[PDB]
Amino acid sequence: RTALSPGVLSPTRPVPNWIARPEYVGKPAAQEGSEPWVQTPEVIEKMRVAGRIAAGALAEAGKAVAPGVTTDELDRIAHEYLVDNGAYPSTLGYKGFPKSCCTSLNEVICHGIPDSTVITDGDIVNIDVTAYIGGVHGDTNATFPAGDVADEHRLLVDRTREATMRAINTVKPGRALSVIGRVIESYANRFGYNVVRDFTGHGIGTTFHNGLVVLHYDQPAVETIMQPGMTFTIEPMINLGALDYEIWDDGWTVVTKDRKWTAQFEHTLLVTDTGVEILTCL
């Protein structure tokens, strides 16, 4: 199947003027990066709502995944589910991003921009949706197969999902944050895959990327200890090929240099008093 090329971006989709926009919409940068990593009880409850709605949107767009569809259509669907439930699509107008979710087909590592690109039999596509409601964000993504996908790619998708769940299951207060990337990388190397290092998980709360960074590879130099109330994402990108990548001119779409396919899964997590809670579930 031919390497991907830019489709054509449809016009900015509108969102009900009554839905509160995050502060960064229409601005070159976002006011984020120094927020507390441990959330207040009020923010955690609100994040359960944001998480649930982003999870619903992801699942709706996922069902439209099929040979014949454009990535733009996936965006249309996710956007509509968000607005219908009173949430602003966090990516819309974030640092200039033009759409409501990221659609990353095949060799696109992440941040693909929904467009006219038509999905073909055999492709894989990650859909990443973020919801902003009640002043907080919920972030989640998954890779969906389109039509008859080759074994190599189905195995990649399933093993990336599994790596993600294994990392989530290690989350607990008192455990070193670095355990997450150690578990992910060890599992992916078991199958000869390479874990993307330049892109990471992140703390999230009243801000989209609040400054906390969660690495998906082995990096024991990090000393951060998980604490009850901390909220962050685990969102590993796992490559069949080399880690080398290119960023298109649109400034967002990241594509592997060797064009080999890559897969990603993401959830927003809460560190509870004794373990973990996945907030981005239906």
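The first residue of the sequence shown is number 1, and the count goes up from there.
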| item | value |
| --- | --- |
| Of 245 to 253 and 57 to 65, the one with larger mean CA B-factor | 245 to 253 |
| Entry-level comparison of average CA B-factors, 256 to 264 and 9 to 17, reporting the higher stretch | 9 to 17 |
| Candidate set 89, 203, 98, 138 [ranked by C-alpha B-factor, highest] | 98 |
| Maximum C-alpha temperature factor, selected from 148, 128, 152, 185 | 148 |
| Chain-relative CA temperature factor third for residue 39 | lowest |
| Assigned third (lowest, middle, highest) for the C-alpha B factor of residue 219 | highest |
| Third of the chain, ranked by Cα B-factor, where residue 52 sits | middle |
| Record-listed C-alpha B factor of residue 191: chain third | highest |
| Third of the chain, ranked by Cα B-factor, where residue 164 sits | lowest |
